[PDB]
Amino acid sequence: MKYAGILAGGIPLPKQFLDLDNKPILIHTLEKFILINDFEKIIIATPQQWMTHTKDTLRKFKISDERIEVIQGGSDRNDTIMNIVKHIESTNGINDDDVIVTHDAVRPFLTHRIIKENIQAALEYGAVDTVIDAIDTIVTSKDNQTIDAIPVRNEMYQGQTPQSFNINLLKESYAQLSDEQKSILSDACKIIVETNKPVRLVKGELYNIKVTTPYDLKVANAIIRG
C-alpha cells in the first residue's frame, strides 16, 4: 500500500499558509496528491501550533478527501517522518511492500509524473530522492571564506522532494543509526545513504522550488499561472 506524508513545518506565519493566486500554498500541494487515487492515506504532519490552522484551512478551501489526516509532527524532519510511519503502523499496520512518499508542503509545483515515478522507484529500489542537475556550478568551502574544491559538475545534483521509501526499509535504517546520527542528520535520504543502502534518483523539475523567501513567492506566483 502507498502513503503520502506531507511535511508542513513551522517558521509569523509558516510559508505554506501564504497565498498563491488566492489559495494557500499548502492547498496547492495537497490538490496534487488528492488527484492520485493510489494513496491509501494522505497524512499532513505539522507542529501542534499549526494543527488547527491546518484543519481550518483545508475546510476553507473545500478539501473534503476522506484519505487526509492531520497529525502532530516531531522534533526534526526525520522524527516527523517517523511520526507519520508510527501513525500508519497504528491505524493500518505496515505491509512488506508499503511505500511512503514524503514531500514538503512548501513545494506546490511537483507534478503527477514526479509522484507516480517516486512510487514506482520506491517499490523497485526501496529509497528515492528527487533531484535536479545542478543549475549553477557547485563550489565547496570548509571556512565560509575561500574555495576548497570545485567538484566535477556533472556529478553534482540539487535535492528537492518527494523523498520516498519502502516503509520497512526506512524503519530498519532509522533503527540502525547512532543517537548522534539521528541527532545531526537532517536529510531523510541521508538516513538510507548512511546505513549504506542505495538511493535511486528521480529527476525533478526546475520549477519544483521550495517557497521559503519573498523572492520565491514572486517566482511561485509566476509559476502558478502557467
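For clarity, a rigid core is taken as the largest C-alpha set superposing within 1.5 Å between two forms. Start at 1 and count along the sequence shown; that's the residue number.
Next on the checklist: I'd like to know which segment deviates more from the shown structure in 4 other deposited structures of this protein: 144-152 or 111-119, using C-alpha RMS over all structures and residues after a core fit.
Outcome noted: Comparing 111-119 with 144-152, the one that moves more in 4 other deposited structures of this protein is 144-152.
Checklist entry - Between 13-21 and 212-220, which has the larger RMS C-alpha deviation from this form in 4 other deposited structures of this protein after core superposition? => result Checking 13-21 against 212-220 in 4 other deposited structures of this protein, I find the farther stretch is 13-21.
Item to check | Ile11 to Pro12: deposited residues without atomic coordinates | outcome: Unresolved stretch here: 4 to 9 residues.
Item to check | Mean temperature factor over C-alpha atoms, higher-scoring stretch between 188-196 and 54-62 | outcome: Looking at the recorded C-alpha B-factors, 188-196 comes out higher on average.
Checklist entry - 141-149 versus 71-79: which one carries the higher mean Cα B factor per the record? => result So the stretch with the higher mean C-alpha B-factor is 141-149.
Checklist entry - From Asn154, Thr130, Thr111, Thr102, pick the one with the largest CA B-factor in the entry? => result Among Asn154, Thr130, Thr111, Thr102, the PDB entry lists the largest C-alpha B-factor for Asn154.
Next on the checklist: Test of reading the entry: by CA B factor among the chain's modelled residues, which third contains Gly204?
Outcome noted: Its C-alpha B-factor belongs to the lowest third of this chain's values.
Item to check | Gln48 - Cα temperature factor, lowest/middle/highest third of chain | outcome: Middle third, going by the recorded CA B-factors of the chain.
Item to check | Entry-reported Cα temperature factor of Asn168, expressed as the chain third it lands in | outcome: Tercile = middle for this residue's CA B-factor.
Item to check | Third of chain Cα B-factors occupied by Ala4 | outcome: Ranked within chain, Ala4 CA B lands in the lowest tercile.
Item to check | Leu26 by Cα B-factor - lowest, middle or highest third of the modelled chain | outcome: According to the entry, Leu26 has a C-alpha B-factor in the chain's middle third.
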